[PDB]
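All remarks here apply to the structure that follows.
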Protein chains: 2
Amino acid sequence: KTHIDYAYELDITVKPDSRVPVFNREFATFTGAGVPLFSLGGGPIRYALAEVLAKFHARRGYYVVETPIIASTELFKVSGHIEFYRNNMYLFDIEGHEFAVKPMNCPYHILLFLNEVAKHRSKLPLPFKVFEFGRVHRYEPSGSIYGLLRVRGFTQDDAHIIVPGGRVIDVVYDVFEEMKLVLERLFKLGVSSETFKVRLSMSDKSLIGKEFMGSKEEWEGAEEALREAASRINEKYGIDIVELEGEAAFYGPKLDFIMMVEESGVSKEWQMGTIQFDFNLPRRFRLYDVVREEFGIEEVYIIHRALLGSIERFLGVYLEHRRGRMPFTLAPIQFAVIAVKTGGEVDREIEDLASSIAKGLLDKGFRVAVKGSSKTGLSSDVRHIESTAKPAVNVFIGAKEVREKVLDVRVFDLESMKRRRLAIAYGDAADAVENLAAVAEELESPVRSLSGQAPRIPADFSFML
Amino acid sequence: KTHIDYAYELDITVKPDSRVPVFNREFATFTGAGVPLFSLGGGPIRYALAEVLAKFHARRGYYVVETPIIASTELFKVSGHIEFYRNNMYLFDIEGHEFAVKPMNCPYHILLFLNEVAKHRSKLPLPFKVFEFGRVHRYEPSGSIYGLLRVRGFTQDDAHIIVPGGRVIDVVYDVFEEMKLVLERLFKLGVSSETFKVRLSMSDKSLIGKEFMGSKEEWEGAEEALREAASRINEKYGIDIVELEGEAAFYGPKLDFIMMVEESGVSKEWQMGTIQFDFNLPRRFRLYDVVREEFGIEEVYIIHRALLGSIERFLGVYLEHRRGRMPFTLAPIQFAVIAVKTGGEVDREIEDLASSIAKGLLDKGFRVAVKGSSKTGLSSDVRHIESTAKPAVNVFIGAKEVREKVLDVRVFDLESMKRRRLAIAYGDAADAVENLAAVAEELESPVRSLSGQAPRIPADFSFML
Ligand SMILES: [Zn+2]
Ligand SMILES: [Zn+2]
């Protein structure tokens, strides 16, 4: 089972090679290869993700933005190289004039910086931090496409930071702290000395001015910002730091976030976001000039950063590491309500309890699926539910639950990777809904500390069970 | 003053003909004409909008989805005509194979329906309703582009409904009820007999089979669904109904939502969303077959619907009708905190009060701008603030406010189009923040009834004041 299997079973995506009813052709022969089609289970995940990440960034001091999907290629000529990158771009004509589907958000985020400087000049505070849940499209050959990992259109938790020399170490460190908060609180992935690695990729000093563009001073101030920040990370968490000479991009050094995972029992890297300096963009968009003239700052850095990286890719690898098991806030089905029918007259109270709880949870904004089951059917029904839909919480309502006034509620524990039984007392349907909503709020708590609000995007997914 | 002026002054957009610092070229010569670039003030509006509309639709029974931005042209060949619509499409090549930037979400939403039928068959409930905050791109000639009204890339509150004959009148009516809830609660625009018109566009019966495709039966069942629904609308609200013979699309009849507005004092239509039947798509994607075979339903309808329509266009016309005055939830600056300094020692308590209130409002997730003003500067500072930034709420903190322990708080009243003064007592900074947050929650209340949650996407926009 790969993420292609989990994504399909959880209905996060449509499988490219599933056959379209009546056409008996594959979904991929309508959509094209490497264009992930998010389905009904995946839709609420995408809105929840944008909203949580946007709000998380706004609370940490980033301006949230949305930039156009297309642009004149003048935009990418200025940025540019163009002769090279042109080749990874989807290009088209309006009206003699060359346009591209955006492959990166950077030039747009810089124009937004430039517009604010023109309007407000030095009243604009530095560091200037801009975040976008951004949608980018890039050429990939057919043989390179794989699931959600390598695709033609995808999403980044992208941000750009323009930070003076006096604050750059803190900014680098803070981005690490942001990455950790998102992993731990949104995804429930522990970030510690045993699970995490920070890798720095630096210049070869003998090659500055040639394969590494820019000045010695730029490279030294940037590499030294990464070393101090990484030294604070290691001091604080005992997280180990790896430095690779000569591995930086031509336009600046970087730091990569790397989770260490184990099979099976093989130790494997899971690469996530990056912090990437850029000596090219401040030259091409005249940012060094603009900052010097308007702010009187001579030492300034331009940073590209993501925490997750590609969201599709992140999600792909997540589905594998966690065997289809989503955190409560991101689970296609949040509460599965399972009515264990008996054949006897108690089935009426069971049916009314299940149905009322389901309605009440939907009204609180939760994603709910009701399953009609039976004493003899239960074991096989549950097994299907676990091997396919993997609801965040199972609520079992049988004769015993009705007579004893205690729900049998099974939350899936992401650390132990097991269901955990809770006994939830209730007086009636409404009281049961309140109590189930309390369990949910506890599961939502870490996401509230990131974004202020946990997203409630309700859906009735009963048809899936 | 047009929406181009308001959008720029509120920093909702970058002005195409603003000059880029140092390049002294126009922003439009990097972006291309008719590609709206949303700026820092516009970013939170876009995320808030997606989130509110998505959640509103999920609570009303729509599945929320996000579909790809690109597609093989096979997708649009099936839908199709293609020979015609090809001409409004941005087309590009991967790897010998023709792709398009999506001009409409419809075919993707139908594939998602088709995938769920293949997986779950008749367990999928009807009506099937799917909503998307969707991003579409269409060819427009340079001479056709105007502000936010007619552009090359834009957003729709798009949905598709597959509804059996037994439920179609109710679905039509409900979409009207959805449109009214969004206008009134999100936008504070009254929908009544005096402000609103419903226009139906129908076949010419003599032309069915020729300029109007499909069968008599289809057209009659659809036109009659619109007449009954419209008759319920008129019965309930006294809203008047206009019917135009021969004005339908070739593929089905429709209803348009039309607000009536007055200048100046000229009566003008403001066209919003549409409810559009389609006899083409169920043939091209074999939906009539699929529904008949899997659900045993012979009478079924396919509907395209939006409430606002183009969101950019809606927003453009809104900014004009309301002279730059956004509802609280959507205002770039939610609280402007204005410190009226005196020159004397009370300035310290004023500065600490303003600063603490600002911080406290930011921590609640609000969009805040602090302005340092003075007794003699106030009148001109306020005038600049009103003519430019138009904050949802002004909080004036001077010597009097500090000594009397009562804030001077001015909410902008969208109906009367005037500031309205409130006297907000406080004991200290924290208590003031709580009380200001209470005023905000009252202003957020209508948006909570739509979406469960009002969006808090914080920002410090002090630099704008
Ligand atoms: Zn970048
Ligand atoms: Zn449509």
Side-chain angles (χ1 to χ4, degrees), chain A residues 4 7-8 13-39 42 69-70 87-94 99-103 135-155 312, chain B residues 65-116 118 130 132 134-139 152-153 158 160 280-281 283-287:
Chain A
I4 287 153
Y8 161 78
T13 52
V14 180
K15 218 156 83 170
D17 56 329
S18 286
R19 299 284 195 162
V20 181
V22 190
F23 293 91
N24 192 21
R25 301 170 217 165
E26 280 176 9
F27 282 87
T29 82
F30 291 93
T31 80
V35 185
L37 172 55
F38 284 84
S39 175
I69 292 195
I70 64 165
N87 288 120
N88 303 313
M89 300 173 62
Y90 300 128
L91 298 178
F92 61 92
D93 193 75
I94 317 176
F99 272 71
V101 185
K102 180 176 69 175
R135 299 157 166 95
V136 298
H137 293 81
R138 292 179 183 178
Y139 171 64
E140 303 281 351
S142 304
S144 293
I145 287 143
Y146 184 67
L148 292 172
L149 305 193
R150 168 77 59 192
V151 291
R152 286 169 181 164
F154 58 100
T155 325
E312 289 77 5
Chain B
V65 304
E66 167 166 3
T67 62
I69 292 195
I70 64 165
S72 167
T73 46
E74 298 304 310
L75 180 59
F76 308 110
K77 287 177 180 180
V78 174
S79 53
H81 284 270
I82 234 306
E83 309 129 347
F84 180 78
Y85 292 103
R86 184 162 208 291
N87 288 120
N88 303 313
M89 300 173 62
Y90 300 128
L91 298 178
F92 61 92
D93 193 75
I94 317 176
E95 211 169 52
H97 297 248
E98 190 180 54
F99 272 71
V101 185
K102 180 176 69 175
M104 60 200 353
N105 310 119
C106 340
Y108 272 131
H109 291 189
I110 297 157
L111 289 181
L112 292 185
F113 173 74
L114 290 172
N115 176 64
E116 304 288 358
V130 59
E132 175 169 6
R135 299 157 166 95
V136 298
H137 293 81
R138 292 179 183 178
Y139 171 64
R152 286 169 181 164
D158 199 22
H160 295 88
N280 181 52
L281 281 179
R283 282 177 174 83
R284 297 296 280 152
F285 284 94
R286 295 151 188 193
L287 304 186

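Convention: sequence-line order gives letters A, B, ...; per-chain numbering from 1.
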Heavy atoms only: give me the nearest [X]-[Y] pair and the separation to one decimal.
| X | Y | answer |
| --- | --- | --- |
| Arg284(B) | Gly80(B) | NE-N, 3.8 Å |
| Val151(A) | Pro36(A) | CG1-CG, 3.6 Å |
| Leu281(B) | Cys106(B) | CD1-CB, 4.0 Å |
| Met89(A) | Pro103(A) | CG-CG, 3.8 Å |
| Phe99(B) | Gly32(A) | CZ-CA, 3.6 Å |
| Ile70(B) | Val101(B) | CG2-CA, 4.3 Å |

* Structure fact -> So CD1 of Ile69(B) and CZ of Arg135(A): to nearest 0.5 Å the spacing works out to 6.0 Å
Would a 4.5 Å heavy-atom cut-off, applied to side chains only, mark [X] and [Y] as touching?
| X | Y | result |
| --- | --- | --- |
| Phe27(A) | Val20(A) | yes |
| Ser72(B) | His97(B) | no |
| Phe154(A) | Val136(A) | yes |
| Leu111(B) | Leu75(B) | yes |
| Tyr139(A) | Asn87(A) | no |

Using modelled atom types only, decide if a donor and an acceptor are shared between the side chain of [X] and the backbone of [Y] within a distance under 3.5 Å.
| X | Y | value |
| --- | --- | --- |
| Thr73(B) | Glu98(B) | yes |
| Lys102(B) | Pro68(B) | yes |
| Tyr90(A) | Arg138(A) | yes |
| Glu140(A) | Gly34(A) | no |
| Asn24(A) | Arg19(A) | no |

* Decide side chain to side chain contact (heavy atoms under 4.5 Å, CB included) for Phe38(A) and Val65(B); before the verdict, give the C-alpha distance in whole Å, the side-chain angles of both, and the deciding distance to 0.1 Å. => CA-CA 7 Å; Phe38(A) 284 84; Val65(B) 304; over 6 Å; no
* Determine, using ring centers only, whether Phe30(A) and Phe23(A) are less than 6.0 Å apart. => yes
* Walk me through it: do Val22(A) and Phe285(B) pass the test side chain to side chain contact (heavy atoms under 4.5 Å, CB included)? => CA-CA 9 Å; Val22(A) 190; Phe285(B) 284 94; over 6 Å; no
* To do: Determine, step by step, whether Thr31(A) and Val14(A) satisfy the side chain to side chain contact (heavy atoms under 4.5 Å, CB included) criterion, reporting the C-alpha distance in whole Å, the side-chain angles of both residues, the deciding distance to 0.1 Å, and the verdict.
  => CA-CA 11 Å; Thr31(A) 80; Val14(A) 180; over 6 Å; no
* To do: Show your working on side chain to side chain contact (heavy atoms under 4.5 Å, CB included) between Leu114(B) and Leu287(B) and close with a plain yes or no.
  => CA-CA 9 Å; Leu114(B) 290 172; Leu287(B) 304 186; 3.8 Å; yes
